[PDB]
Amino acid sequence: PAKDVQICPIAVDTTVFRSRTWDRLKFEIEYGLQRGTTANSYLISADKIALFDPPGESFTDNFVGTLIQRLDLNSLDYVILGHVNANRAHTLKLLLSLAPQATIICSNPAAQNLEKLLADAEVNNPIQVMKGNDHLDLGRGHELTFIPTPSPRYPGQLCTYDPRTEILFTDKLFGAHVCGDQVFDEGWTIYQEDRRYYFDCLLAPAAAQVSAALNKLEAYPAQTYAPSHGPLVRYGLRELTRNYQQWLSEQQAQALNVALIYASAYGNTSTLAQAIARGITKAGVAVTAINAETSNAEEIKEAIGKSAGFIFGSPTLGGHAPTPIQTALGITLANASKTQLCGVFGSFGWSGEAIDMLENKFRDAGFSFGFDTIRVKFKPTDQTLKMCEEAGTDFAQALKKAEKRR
């Protein structure tokens, strides 16, 4: 059917707004099963009123249109963001126009992101940054506790626990890209493949950070996960959590590892990066994703120190690689053994000099390449993703073949 908004009360003072699409809307590897998805927003309306995670650009108008019929936006006290990017920021611009009195609640990395993203926008709602174990009291027992859960792809990711309802708002964790009529997740098997595919595409390349996240979240006795995507997790909560632990364990246990350094979390190059990573991990080789923009030097050193191969992904900005790609390049060259397998990819408009620069520097530095350098002009398509995935697989096979020779 057409996109819609499914509304359901889910706990005291708490409502979910599921923006639903039955069709795939973006060419990103995680929508590969083409089972649709949902973008979930949550409203806690107590003494104070908080809205979690307005949906992105595809959903902006249905969502705001629907919300306004259920709520005077002038009474909105808080907008809580589990993660931030330009797509979500688009909806925020409109929502905050209608709710100028609201305060933005988010993590420190998200705040930094949002300040750039809304730099030229008129909206100037205040931002209140939340750190681990900070609280926000909505009244009526809804004293929220916040838990930062950063990953390369979601540097500003922030989970929230509501002790009144025992709901953990988990953002990108524990979800599934599947559109259905069920607001809750009764039935294990129908969601198993979606949940595993979701983990594999989104979380496997961040196995250590995701494990660190789940360790923190253990401290909260939640009976429901309220994720960004798919049904709420109530009936499958324990089983899915045990599965995540096992999957995380097997990722970090794999013999070979690839350091996958890409320029930033969101954008065409990032889309390519997730596709390549999935090709590697499905082939039984671990991936440590590195967001050059938000990563520090020790992260990059440690990744390169334990990897069998590394891959750079970069856009071209004014004829050059982004500064974070240039500095990551220096750290990589200063630390990588020439036995490491190398790879280069990227997207570009009409100039792709960043890709040429990287290919040349790695070739001059004596590295062998694990796939032919990937150059994608303008927006990735379905076959783009499959090609990148296949390149990742090729890279993985090359690593396994060379390792078997010891």
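Numbers for residues come from their place in the sequence shown, where the first is 1.
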Mean C-alpha B-factor comparison - 376-384 and 353-361, higher one: 376-384
Mean CA B-factor: is it higher for 222-230 or for 300-308? 300-308
Residue, from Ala204, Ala275, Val123, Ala334, that the PDB entry assigns the highest Cα B-factor: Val123
Compare the CA B factors listed in the entry for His177, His320, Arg196, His83 and report the winner. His320
Lowest, middle or highest third of the chain for the C-alpha temperature factor of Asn74? highest
Would you please rank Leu98 by its C-alpha temperature factor against the other modelled residues of its chain and give the third it falls in: lowest, middle or highest? highest
Lowest, middle or highest third of the chain for the C-alpha temperature factor of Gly366? highest
Modelled-residue ranking by C-alpha temperature factor, third containing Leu399: highest
Record-listed C-alpha B factor of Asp181: chain third: middle
